[PDB]
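Peer 1: Compute the structure for the input listed below.
(6 chains, ligands or ions: 9)
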Amino acid sequence: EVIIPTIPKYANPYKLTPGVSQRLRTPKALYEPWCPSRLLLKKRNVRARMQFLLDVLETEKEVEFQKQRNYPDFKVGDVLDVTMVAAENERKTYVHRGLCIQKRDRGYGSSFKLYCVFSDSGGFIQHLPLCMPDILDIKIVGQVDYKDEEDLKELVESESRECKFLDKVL
Amino acid sequence: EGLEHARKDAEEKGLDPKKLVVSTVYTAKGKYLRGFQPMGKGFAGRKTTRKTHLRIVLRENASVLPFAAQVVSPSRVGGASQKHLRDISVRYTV
Amino acid sequence: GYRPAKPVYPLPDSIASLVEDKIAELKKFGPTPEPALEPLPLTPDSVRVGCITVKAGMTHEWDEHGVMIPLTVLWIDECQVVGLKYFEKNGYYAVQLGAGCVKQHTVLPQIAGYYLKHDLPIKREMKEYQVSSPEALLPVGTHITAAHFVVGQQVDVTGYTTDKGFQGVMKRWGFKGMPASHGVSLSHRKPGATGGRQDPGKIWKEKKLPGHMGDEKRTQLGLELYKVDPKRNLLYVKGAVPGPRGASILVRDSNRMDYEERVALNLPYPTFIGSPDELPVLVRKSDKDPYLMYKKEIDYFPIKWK
Amino acid sequence: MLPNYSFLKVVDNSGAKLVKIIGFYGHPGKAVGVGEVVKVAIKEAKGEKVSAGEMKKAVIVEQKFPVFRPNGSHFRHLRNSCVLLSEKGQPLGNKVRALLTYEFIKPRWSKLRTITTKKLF
Amino acid sequence: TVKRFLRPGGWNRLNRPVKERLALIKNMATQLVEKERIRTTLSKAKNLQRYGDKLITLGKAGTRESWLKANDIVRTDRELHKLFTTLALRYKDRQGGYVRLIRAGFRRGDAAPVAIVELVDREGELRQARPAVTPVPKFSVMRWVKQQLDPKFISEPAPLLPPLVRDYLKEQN
RNA sequence: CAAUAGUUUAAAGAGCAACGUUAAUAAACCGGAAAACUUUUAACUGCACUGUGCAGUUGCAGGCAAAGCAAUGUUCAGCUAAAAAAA
Ligand SMILES: [K+]
Ligand SMILES: [K+]
Ligand SMILES: [K+]
Ligand SMILES: [Mg+2]
Ligand SMILES: [Mg+2]
Ligand SMILES: [Mg+2]
Ligand SMILES: [Mg+2]
Ligand SMILES: [Mg+2]
Ligand SMILES: [Mg+2]
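Peer 2: Numbers count the residues shown, from 1 in each chain, chains lettered A, B, ... in the order given. Ligands and ions are numbered 1, 2, ... in the order given. The coordinates are given below.
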């Protein structure tokens, strides 16, 4: 006439860290953000756990991307050669050469800007997500010196000595 | 101040302070200090300081309201505070 | 609020006994039904139950065609059936679902009493879904998980929006305002006229004016379910969802879908029976070309040549 | 994103140098971008094919405002330019000094895709 | 806890412009070091508590860079000398929480709330603060957990000169 | 509000915004009163609280760390300190 409820088991015996995906230098967490509130040793706010859940998902996608691609650690002021696929033109491959004028390090949303000048048409700027699958390879080919952001902006407005390659290859 | 003064009056008359109830309270007009303050474009206004009288009457076993307030102790400061002796080793167990 | 209570009178001794006998007879109920969990056929007019979820935030991903897709993440912590309604006692059939978890000493005794009586955890939110027939009722305690949905279907989301505070007409209703120069005097952001003259002589109800903005119930229809993660009770939905982080969101099969579409999806009915732990992560497949306009003329072009 | 009554530079060899937008076609909204056809008035021309004061049709080829692609990227130019067109839909010149973008891969712009010097695709 | 605002740094505005705001907070921070106990309004006390904690952190650093930052905050040479010498050694093992705040009701004239701000380890302290390093029972779950997660847990105060420095000096001499 | 553009130096992967993103062409959508039903010893402040509390005592947007900086880790601060002995 007595019904005993079921007690859940522990996943990792005598291990105090669940082993969630995090960056190498970050101290390890002690819980899984997707665990139900009822089964937690510490009852932390749902709102704070949801922020941590998104961070875990972002790191999982970044790990998969790094296994697929290996790009160099370029900086602002370097000349780059970028291989891209044009989905509009039946997914054809082209190689672009230009100067890197802005770089944002924001995890999976990282991006950079490429600048180039043509013989007659003038300047041309592109904004490229770094983790976009359309990009196939990136290489460093040179460097252009500048003093500060103001000097770099003046160079961009006054198109000059940025005509590395006149046209796109392939 | 009025409440304390009235209770002292009741004790002199031989009433029990533990059964006193505030049965009547009202105000009365005093003598006013008149004044004037200038305004724009040559107009003028009033500047009055008011005064009032206060009367309190305390009676025994009069009809009273049931309101009662909860009381708590203030912050413990000094040798009477022992929050530093808490043992925090228990919260690491299941 | 409510109106003042109406007066009551004792019944005459020649009628009191009769009234009590009849009232008691009407208030006598039979045994509670015992639902059974078993797959059922889907009919042209048959509605399923929804679920209660928590909004987590937004992210993005690239699909098989290389297109960037904005996503909103919804988490299902614990959703269970906590009560039933049936015709004999209430006049209609419905299923009550609860979600969340709270501590006993943080809620009123009235709320905690219902859950303790049936050996269920005290849940933070409760919502009712109406069913079509008694056979659609689910046994109390059944779990509603992420497996309840089929990847690639359309869903509806409801919730309370973000609070904005006291806002003016320009931000609240999009009024144009008045010029910044040319003699304007202290009326740059004001609503202007609010009526006429002696006729009609009043201001109409629901005339748009300043006030509080941002905490109201809204529903978005026809969102696409992109990815499903049954093991971790996660749903990825394309588009925007009302409310800030942590808001409670109700998810339902969209009413924009026809019966044929529901048959093709083969939606679980009354719900998924099994263990969702041993299920993989699935992503919907779109048999469409987002770059077709570059090979064929399908775009909008108003000019006809010659 | 060019509002009405904007000035454009001509990048063809028909003789026109400066034009002003004076109308739109269809329902494009409050602004127009690359790939749309507008009605323009010639303000400065040095040639016999066209003269100042005439009204012609033109197509937007370059703009300074971001142009977004489905993959999340975008690009920008440093000028706003156009190419004059005839009533039959053909260019009034035979040489275009501009960088052609993906908008003109469509079948209806075959003639432009032939006379243009540099192409991004 | 101290509320966080939307301005740069999340500080209070103290009903002042930024220039006057920084001049006021620097002066009060100097007086807190000199006297170790001050009574003021609630808003100035909340801002001073968070600012005071970050000033002690600079003193504990004991570096040329840290001293330069502090030299622009403290107004008196005597107060700056005390910060790096006396207070630096006092809070070697305490990890944060060097200042406490206790509310003390309302004033008389304008009925503004008030509070008392004080340092948390000294003679004359309002209360007795918990030890900087928490002792760990020898047969507790807490001891086992710390071993598995942080093998470098500190259980007792450490000497001014660690054994490695002492050994080096002995070998040298 | 993931990304893109603008905006704040006690700064920033903050917040708010559109020039940005998603959805709608319906017996759909939204508001207040209320029958009935259910629960209760018939309920009733508060986290600096003139943003939000979907946070009430291993609770927390404070402090502190090698950390993505309203997240992870944490021995300190404040509100609110705990235990029969033995078998
Ligand atoms: K009306
Ligand atoms: K959303
Ligand atoms: K600091
Ligand atoms: Mg005068
Ligand atoms: Mg205006
Ligand atoms: Mg005037
Ligand atoms: Mg004005
Ligand atoms: Mg926001
Ligand atoms: Mg902090």
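Peer 1: Do the lengthiest helix in chain A and RNA strand F come into contact?
Peer 2: The single longest helix within chain A, with elements called by DSSP state H, is helix A:46-68. Yes. Using C-beta under 7 Å from any atom of the strand, we find that helix A:46-68 touches RNA strand F at A:46, A:47, A:48, A:49, A:51, A:52, A:55, A:58, A:59. For every residue, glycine as well, the C-beta is placed using N, CA and C.
Peer 1: Enumerate the residues of chain E near chain B.
Peer 2: E:102-103, E:126-131, E:134, E:136-137, E:140-142, E:145 (C-beta under 8 Å from any C-beta of the partner chain).
Peer 1: tally of neighbours for the residue in chain E that ligand 2 sits nearest to?
Peer 2: When distances are taken as C-beta to the ion, chain E reaches nearest to ligand 2 at residue E:6, 22.2 Å away. Residue E:6 is flanked by 5 other residues according to other C-beta atoms under 10 Å in any protein chain shown.
Peer 1: Could I get the contacting residues of residue C:267?
Peer 2: C:42, C:48, C:149, C:150, C:153, C:253 (C-beta atoms under 8 Å, 6 or more residues apart in numbering or on different chains).
Peer 1: hmm, back to that, if any of the residues of helix A:46-68 next to RNA strand F are buried, put those into a PyMOL selection.
Peer 2: Only the buried entries of these go into this PyMOL selection, using 16 or more other C-beta atoms under 10 Å in any protein chain shown:
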select buried, chain A and resi 46+49+52+55+58+59
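Peer 1: just to revisit the earlier point, go ahead and build a ChimeraX selection from the buried members of the residues of chain E next to chain B.
Peer 2: Applied in ChimeraX, the following selects the buried portion of the residues of chain E next to chain B according to 16+ other C-beta under 10 Å:
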select /E:126,127,129,130,136,142,145
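Peer 1: now, which of the residues of chain E next to chain B lie within helices?
Peer 2: Short answer: those in helices (DSSP H) are E:141, E:142, E:145.
Peer 1: just checking, what packs against the longest helix of chain A?
Peer 2: If contacts are counted by 3 or more C-beta pairs under 8 Å, 6 or more residues apart in numbering or on different chains; DSSP states H and E, helix A:46-68 sits against strand C:51-62, strand C:68-75.
Peer 1: and for it, what are the contacting residues?
Peer 2: Applying C-beta under 8 Å, 6+ apart, the contact partners of helix A:46-68 are A:20-23, A:29, A:33-34, A:37, A:107-108, A:131, C:54-57, C:59, C:61, C:73, C:75, C:77, C:245-246.
Peer 1: could you give the angle of that helix to strand C:68-75?
Peer 2: 140 degrees (axes from the mean of the first three to the mean of the last three C-alpha atoms, to 10 degrees).
Peer 1: hang on, the earlier thing: I'd like the contacts of residue C:267 laid out as TSV, including secondary structure and neighbour count.
Peer 2: Formatted as TSV, those follow (DSSP: H, G, I helix; E, B strand; the rest coil; neighbours: other C-beta atoms under 10 Å in any protein chain shown):
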residue	secondary structure	neighbour count
C:42	coil	15
C:48	coil	21
C:149	coil	23
C:150	coil	18
C:153	coil	19
C:253	strand	20
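Peer 1: In these, find the pair that's most separated.
Peer 2: Maximum pairwise distance among the contacts of residue C:267 (C-beta to C-beta): 14.8 Å, between C:42 and C:149.
Peer 1: Now do the strands in the chain.
Peer 2: Going with chain A. In chain A, the segments counted as strands under DSSP state E are A:78-86, A:92-104, A:111-117, A:123-129, A:135-143.
Peer 1: wrong one, chain B
Peer 2: B:20-29, B:36-38, B:44-46, B:52-60.
Peer 1: Using TSV, lay out those strands together with distance to residue D:98 and mean neighbour count.
Peer 2: Below are the strands of chain B laid out as TSV (distance: least, C-beta to C-beta, whole Å; neighbours: other C-beta atoms under 10 Å in any protein chain shown):
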stretch	distance to residue D:98	mean neighbour count
strand B:20-29	89	12
strand B:36-38	76	9
strand B:44-46	77	9
strand B:52-60	89	13
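Peer 1: among those strands, which is nearest residue D:15?
Peer 2: Here strand B:36-38 is closest among these (C-beta to C-beta), at 79.0 Å.
Peer 1: could I get the strands of chain B as a markdown table with distance to residue A:65?
Peer 2: Below are the strands of chain B laid out as a markdown table (distance: least, C-beta to C-beta, whole Å):
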| stretch | distance to residue A:65 |
| --- | --- |
| strand B:20-29 | 77 |
| strand B:36-38 | 76 |
| strand B:44-46 | 77 |
| strand B:52-60 | 80 |
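Peer 1: Can you report how many residues neighbour residue C:67?
Peer 2: 16.
Peer 1: ok, now which ones touch it?
Peer 2: By C-beta under 8 Å, 6+ apart, residue C:67 lies in contact with C:290, D:70, D:71.
Peer 1: just residue E:154 next, same as before
Peer 2: E:93, E:133.
Peer 1: ok, the residue lying closest to residue E:113 once chain neighbours are set aside - how many residues close by?
Peer 2: Among residues not flanking residue E:113 along the chain, residue E:42 sits closest, at 4.2 Å (C-beta to C-beta, 6 or more residues apart in numbering or on different chains). Using other C-beta under 10 Å, residue E:42 has 15 other residues around it.
Peer 1: was I right about residue E:42 contacting residue E:107?
Peer 2: No. Judged on C-beta atoms under 8 Å, residue E:42 makes no contact with residue E:107 at a distance of 10.5 Å.
Peer 1: which neighbours do these two share?
Peer 2: E:113, E:114.
Peer 1: Roughly how far does whichever residue of chain A sits closest to ligand 3 sit from residue C:189?
Peer 2: Ligand 3 sits closest to residue A:27 of chain A, with a gap of 18.9 Å, by C-beta to the ion. According to C-beta to C-beta, to the nearest Å, residue A:27 stands 50 Å off from residue C:189.
Peer 1: and if you look at residue C:302?
Peer 2: In terms of C-beta to C-beta, residue C:302 sits 38 Å off from residue C:189.
Peer 1: Kindly report the same for residue A:138.
Peer 2: For residue A:138, the distance to residue C:189 - C-beta to C-beta - is 50 Å.
Peer 1: From the neighbour counts alone, determine which of those two ranks first.
Peer 2: Neighbours were counted for residue A:138 and for residue C:189 using other C-beta under 10 Å; residue A:138 has more, 19 against 13.
Peer 1: Quick check: beta-bridge partners of that one?
Peer 2: Per DSSP bridges, the residues bridged to residue A:138 are residue A:82.
Peer 1: Can you classify the residue of chain E found nearest chain C by secondary structure?
Peer 2: Nearest to chain C, among the residues of chain E, is residue E:6, at 13.6 Å (C-beta to the nearest C-beta). With DSSP: H, G, I helix; E, B strand; the rest coil as the basis, residue E:6 sits in coil.
Peer 1: right, and the helix or strand after the host helix or strand of residue C:170?
Peer 2: Assigned by DSSP states H and E, residue C:170 belongs to helix C:169-172. Downstream of helix C:169-172, the next assigned helix or strand under DSSP H and E is strand C:211-213.
Peer 1: Noted, bye for now.
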